[PDB]
Each structure stands twice: as C-alpha cells, then as structure tokens.
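Peer 1: the sequence isn't on hand, but the structure is:
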C-alpha cells in the first residue's frame, strides 16, 4: 500500500546540507538531499507504520553560497610578537567555535514524495489515516519537531501545495549536479549512499532505494 504523492513547499534564508567527505569544514551541497527532504516530512509526521519516499525535488531559487561564522591578522601578529601562546591557543579554540561554513543562501524547494505502509503497520494503520494526519498538519504549520534545512541552526518554513503543476535562466536546461548523498541505509540508519543528481528545468528526479545508488 502506498499513498498518492503529496507536495511540500519548503524554504529558508539559509541552508546547509553538509558534504560528508569534507569532515573538517562544513560545506553545503548545491541542493537539498533526499535524506534531508525525507527528514522534513518525518518532522511533520512519522510513525513506524510508514516510510516516506522522496520522488523528486524542484529547485525554486538560484544556487548561491555564502561564507558564514557564528581575533584576526594583526592580533596573531601581535601575540606571536608578544610571545603569547595562551592567547594563540584561545584564538585557535575561538576560531573552531565560529564553525566556519559555506551555506546556501535564500533557498526554496518543492518536495514531491509519498509514503509506503511498512511491516510495522497495525490494524489501526492505513494510508488514509496517515495521509490525513500529514495534510492536516502541514496545512496548519504544525509538526512533531521543527523541520530543518540540513542542520538544526537553520529552521525550515513550509506550506502544503495542491495537486497540480521554471522561468529562471539559472535553473533551465539539463544540468549535471554530479554526485551527492542520496540517503542513509534504512537498515543501520548510518552508512550513506550516493547518486548522480541531474536537473531538468529545476526538476531533479530522485531514484528509489533499489537502484544505481552508490
């Protein structure tokens, strides 16, 4: 059993879909990953009975980045000159505490997903019930926890869209966004998988699990 697809407009001032291979600095992927999209639908509603599957992502806004940080050239110079490692250690600890990042700026996507009923489904569980809890909640802007744009420091706004339906020159045509995190192993909820994302007039089809992921 699967639901009809829902459609969820998500956006924010900033986003950070952390690239996993660069495990020192935090850099964002060019667009929301399927796992982060799944993770937003689950924030609105999830239960063991159900499995959210992301089918496609529509990028609404141009891909722009920004260097951001949450003690400078001359201070280093002076503390070395003054022979003060204590201050130099404080400056190092302090720099790490800014947790420098390269984040997406002013984003907005449309997530197209559905859920499938799981083997954890009880007699009281069905598509109708669970689809209606989701829609009621999304319409109302309420959720189990605040959805995020990749990391918890970036809250996700969202509105539910209707059933039906690319004019930005930056988004049109076929574009190869290359390899990116697809989603995490359902099984151990830890070992990541990847797919080559391709974008057509904003639309990025998302392969299912059993496929040329990794």
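Peer 2: Everything's here; your move. Residues are numbered from 1 along each chain as shown.

Peer 1: next, count neighbours for residue 179.
Peer 2: Neighbours of residue 179 under the rule other C-beta atoms under 10 Å: 13. From N, CA and C alone the C-beta is placed, and that goes for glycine too.

Peer 1: ugh, wrong one, I meant residue 93
Peer 2: Other residues within reach of residue 93 by the criterion other C-beta under 10 Å amount to 9.

Peer 1: how far away from the center of its chain is whichever strand or helix holds it?
Peer 2: Following DSSP states H and E, one finds residue 93 within helix 85-96. Here helix 85-96 is found 32 Å from its chain centre; the criterion is C-alpha atoms, centre = their mean, to the nearest Å.

Peer 1: other SSEs contacting that helix?
Peer 2: When contacts are defined as 3 or more C-beta pairs under 8 Å, 6 or more residues apart in numbering; DSSP states H and E, helix 85-96 packs onto helix 73-81.

Peer 1: now the helix it packs on: buried residues?
Peer 2: residue 79 (16 or more other C-beta atoms under 10 Å).

Peer 1: check stretch 200-214 too.
Peer 2: Within stretch 200-214, the residues scored as buried using 16+ other C-beta under 10 Å are 202, 204, 206-207, 213.

Peer 1: name the next helix or strand downstream of the top strand by length along the chain, please.
Peer 2: Longest strand of the chain, by residue count under DSSP state E: strand 101-117. Following strand 101-117 in sequence order, the next helix or strand is helix 127-139 (DSSP H and E).
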